[PDB]
Amino acid sequence: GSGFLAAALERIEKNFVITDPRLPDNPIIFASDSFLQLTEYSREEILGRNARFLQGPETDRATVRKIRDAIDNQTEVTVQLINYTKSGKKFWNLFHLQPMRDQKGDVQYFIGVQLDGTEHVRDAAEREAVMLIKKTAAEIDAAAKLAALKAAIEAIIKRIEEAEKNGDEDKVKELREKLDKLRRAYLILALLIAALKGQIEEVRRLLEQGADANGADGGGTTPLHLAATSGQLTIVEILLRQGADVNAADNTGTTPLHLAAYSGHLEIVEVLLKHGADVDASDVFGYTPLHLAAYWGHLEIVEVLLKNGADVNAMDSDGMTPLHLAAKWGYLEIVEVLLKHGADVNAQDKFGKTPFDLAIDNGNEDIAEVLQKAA
Ligand SMILES: Cc1cc2nc3c(=O)[nH]c(=O)nc-3n(C[C@H](O)[C@H](O)[C@H](O)COP(=O)(O)O)c2cc1C
Ligand SMILES: [Mg+2]
């Protein structure tokens, strides 16, 4: 167990567990009440155990290895697998692993969100749920991050009272300069969470009280990046009125407009471009918002992005255009709309591949046909 996490994450009420990778076998150190309900095991029967108890016979051993690979490689993963309750009642798990990292970027804990379904969901319904569990794990991370900052404040306030009572002014002078940075950072994260959760009055209040509208976490995330990812037009507009940088880039070169194209929030994209967003801004991998629109199945956003200056033949780090990503993931309607707006069918990726090659390689037999016909 762990009393620190217990306090911060007690209000979430979604199925999730936190595990300690520093202890043998990554045991569960916190389990939500919703998880406890879903699985039927008590908190005592769960804590200190590796979460593989939920596994059973109809559980795809190949999908389980995808999770071992993600834990081992310390990356996030979203999979769908059959899980079993304490009783033996089978149920579908849309599972999301997310490493909890510190400011130096090192893993501290693992977050595991579970979304119970009666059947293996697919296509737009899978994408709708995957976006939602990703947003849940993002909030569990921020809830712990804020709780950690609150704790540091109460701790230095405690040290301040002792040093004041000890006479020692040199210590108080020195402690107050550290507190003045914890307070500084607390409001930066308070505003980052307010945009993420869509709390319009919290956003106005913090900015009204002095919060920097461009204050970013250690990773480069500004409130405008989180408001864009969430689908909060009002907060976006409030942040842009209060002079926020519409072309801000995080440690990964991602701009609010990349996150708006990835999340499928059409209205936000239009407002960001209406305020000076670079339609051809490229992240560390070379993806422009057009590449993110194409890979994620956002039909509507591509038509708007191209109308503002998007290069329909943009090359990511592996020489792939939007016309490539459309055919690899088998989104039929997307390849048609992309090719319509003059996209190169004979475009050379790193392996010299063209849309048709990545369509026959991935089994998409309809797509590969509306490529040799549509050429
Ligand atoms: C935070 C966290 C939550 C987990 N939740 C589940 C879960 O809901 N269901 C499941 O079957 N495995 C879950 N796992 C994965 C397993 O614990 C384990 O990593 C997996 O079975 C692969 O490793 P193994 O082959 O040693 O079992 C979770 C792991 C972590 C890190
Ligand atoms: Mg494990």
# chains A, B, ... in the order shown; residues from 1 in each chain; ligands from 1
>>> residues_near_ligand(ligand="ligand 1", cutoff="8 Å", atoms="only C-alpha atoms and all ligand atoms", output="PyMOL selection string")
chain A and resi 16-19+21+26+28+50-55+64-69+71+81-83+93+95-98+109-114
>>> write_last_selection(atoms="N, CA, C and O atoms", output="short mmCIF file (atom, residue, chain, number, x, y, z; two decimals), in the first residue's frame")
data_model
loop_
_atom_site.label_atom_id
_atom_site.label_comp_id
_atom_site.auth_asym_id
_atom_site.auth_seq_id
_atom_site.Cartn_x
_atom_site.Cartn_y
_atom_site.Cartn_z
N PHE A 16 -9.08 2.02 -11.79
CA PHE A 16 -7.64 2.18 -11.96
C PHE A 16 -6.85 1.70 -10.77
O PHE A 16 -7.34 1.72 -9.65
N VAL A 17 -5.62 1.29 -11.02
CA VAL A 17 -4.65 0.86 -10.01
C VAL A 17 -3.32 1.52 -10.31
O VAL A 17 -3.05 1.90 -11.45
N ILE A 18 -2.49 1.67 -9.28
CA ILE A 18 -1.14 2.20 -9.37
C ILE A 18 -0.26 1.08 -8.86
O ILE A 18 -0.63 0.44 -7.88
N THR A 19 0.89 0.79 -9.51
CA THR A 19 1.80 -0.27 -9.06
C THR A 19 3.22 0.28 -8.85
O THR A 19 3.59 1.27 -9.47
N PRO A 21 6.94 -0.14 -9.46
CA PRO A 21 7.94 -0.92 -10.20
C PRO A 21 9.21 -1.16 -9.39
O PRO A 21 9.98 -2.05 -9.76
N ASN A 26 6.38 -5.63 -9.39
CA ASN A 26 5.47 -4.50 -9.64
C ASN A 26 4.10 -4.66 -8.93
O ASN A 26 3.08 -4.89 -9.58
N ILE A 28 0.60 -4.02 -6.81
CA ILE A 28 -0.40 -2.98 -6.76
C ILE A 28 -0.26 -2.24 -5.41
O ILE A 28 -0.19 -2.88 -4.37
N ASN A 50 0.63 -8.58 -7.97
CA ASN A 50 0.76 -8.20 -9.37
C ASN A 50 -0.63 -8.40 -9.98
O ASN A 50 -1.30 -9.40 -9.68
N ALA A 51 -1.10 -7.44 -10.80
CA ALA A 51 -2.43 -7.44 -11.40
C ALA A 51 -2.74 -8.60 -12.36
O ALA A 51 -3.83 -8.59 -12.95
N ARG A 52 -1.85 -9.61 -12.50
CA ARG A 52 -2.15 -10.74 -13.39
C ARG A 52 -3.19 -11.71 -12.84
O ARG A 52 -3.46 -12.71 -13.50
N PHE A 53 -3.77 -11.44 -11.66
CA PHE A 53 -4.82 -12.30 -11.13
C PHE A 53 -6.09 -12.19 -11.97
O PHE A 53 -6.82 -13.17 -12.11
N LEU A 54 -6.32 -11.02 -12.59
CA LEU A 54 -7.46 -10.81 -13.47
C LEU A 54 -7.41 -11.69 -14.71
O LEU A 54 -8.43 -11.86 -15.36
N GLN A 55 -6.25 -12.29 -15.02
CA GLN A 55 -6.12 -13.15 -16.20
C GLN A 55 -6.77 -14.56 -16.04
O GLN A 55 -7.01 -15.02 -14.92
N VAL A 64 -1.54 -10.15 -23.79
CA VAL A 64 -0.85 -10.00 -22.52
C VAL A 64 0.64 -9.65 -22.72
O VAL A 64 1.16 -8.78 -22.02
N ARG A 65 1.31 -10.24 -23.73
CA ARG A 65 2.72 -9.94 -23.97
C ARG A 65 2.95 -8.52 -24.46
O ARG A 65 3.99 -7.96 -24.16
N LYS A 66 1.95 -7.91 -25.11
CA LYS A 66 2.05 -6.50 -25.52
C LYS A 66 2.21 -5.58 -24.28
O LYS A 66 2.94 -4.59 -24.34
N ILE A 67 1.54 -5.94 -23.16
CA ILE A 67 1.59 -5.25 -21.87
C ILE A 67 2.94 -5.48 -21.21
O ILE A 67 3.53 -4.54 -20.72
N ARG A 68 3.47 -6.71 -21.24
CA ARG A 68 4.80 -6.98 -20.68
C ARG A 68 5.86 -6.18 -21.45
O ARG A 68 6.75 -5.60 -20.83
N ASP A 69 5.71 -6.09 -22.78
CA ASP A 69 6.64 -5.31 -23.59
C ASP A 69 6.58 -3.84 -23.21
O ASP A 69 7.63 -3.24 -23.06
N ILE A 71 5.61 -2.54 -20.30
CA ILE A 71 6.13 -2.31 -18.95
C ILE A 71 7.64 -2.33 -19.00
O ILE A 71 8.30 -1.37 -18.61
N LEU A 81 -8.57 -6.86 -23.90
CA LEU A 81 -8.42 -8.26 -23.53
C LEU A 81 -9.51 -8.73 -22.57
O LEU A 81 -10.08 -7.93 -21.85
N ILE A 82 -9.81 -10.04 -22.58
CA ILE A 82 -10.82 -10.63 -21.68
C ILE A 82 -10.25 -10.80 -20.25
O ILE A 82 -9.20 -11.42 -20.06
N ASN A 83 -10.95 -10.26 -19.25
CA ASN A 83 -10.53 -10.40 -17.86
C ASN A 83 -11.62 -11.07 -16.99
O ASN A 83 -12.76 -11.19 -17.41
N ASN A 93 -11.92 -6.08 -21.02
CA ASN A 93 -11.13 -5.00 -20.49
C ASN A 93 -10.46 -4.19 -21.60
O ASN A 93 -9.62 -4.70 -22.33
N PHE A 95 -7.94 -1.87 -21.60
CA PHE A 95 -6.89 -1.52 -20.65
C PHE A 95 -5.92 -0.45 -21.17
O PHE A 95 -5.49 -0.56 -22.32
N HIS A 96 -5.51 0.52 -20.30
CA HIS A 96 -4.51 1.53 -20.65
C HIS A 96 -3.38 1.66 -19.63
O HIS A 96 -3.59 2.14 -18.51
N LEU A 97 -2.17 1.32 -20.04
CA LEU A 97 -1.00 1.46 -19.20
C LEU A 97 -0.39 2.82 -19.46
O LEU A 97 -0.30 3.22 -20.60
N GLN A 98 0.07 3.49 -18.42
CA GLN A 98 0.68 4.78 -18.55
C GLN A 98 1.72 4.94 -17.46
O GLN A 98 1.37 4.97 -16.28
N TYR A 109 5.96 5.23 -10.99
CA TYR A 109 4.85 4.32 -10.76
C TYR A 109 4.20 3.96 -12.10
O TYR A 109 4.50 4.60 -13.09
N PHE A 110 3.30 2.98 -12.14
CA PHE A 110 2.54 2.69 -13.35
C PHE A 110 1.04 2.92 -13.07
O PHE A 110 0.55 2.58 -12.00
N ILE A 111 0.33 3.53 -14.03
CA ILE A 111 -1.09 3.78 -13.93
C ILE A 111 -1.76 2.82 -14.90
O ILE A 111 -1.30 2.66 -16.02
N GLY A 112 -2.78 2.12 -14.44
CA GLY A 112 -3.47 1.13 -15.25
C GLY A 112 -4.96 1.37 -15.19
O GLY A 112 -5.60 1.11 -14.17
N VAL A 113 -5.51 1.92 -16.27
CA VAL A 113 -6.93 2.24 -16.32
C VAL A 113 -7.67 1.08 -17.00
O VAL A 113 -7.17 0.47 -17.95
N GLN A 114 -8.81 0.70 -16.44
CA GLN A 114 -9.60 -0.40 -16.96
C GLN A 114 -11.00 0.09 -17.31
O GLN A 114 -11.64 0.77 -16.50
#
>>> select_by_dssp(residues="segment 30-251 of chain A", states="helix (DSSP H, G or I)", output="ChimeraX atom specification")
/A:33-39,43-46,51-54,61-72,124-165,169-197,200-208,223-230,233-241
>>> residues_around(residues="segment 352-357 of chain A", least_positions_apart="6", cutoff="12 Å", atoms="only C-alpha atoms", output="JSON, numbers by chain")
{"A": [318, 319, 320, 321, 322, 323, 324, 325, 326, 327, 328, 329, 330, 331, 332, 335, 336, 338, 339, 343, 344, 345, 346, 363, 364, 365, 366, 367, 368, 369, 370, 371, 372, 373, 374, 375]}
>>> closest_residue(among="A:127, A:176, A:204, A:241", to="residue 156 of chain A", atoms="only C-alpha atoms")
A:176
>>> atom_distance(atom1="atom CA of residue 261 of chain A", atom2="atom CA of residue 307 of chain A")
14.2 Å
>>> closest_residue(among="A:8, A:132, A:235, A:79", to="residue 60 of chain A", atoms="only C-alpha atoms")
A:79
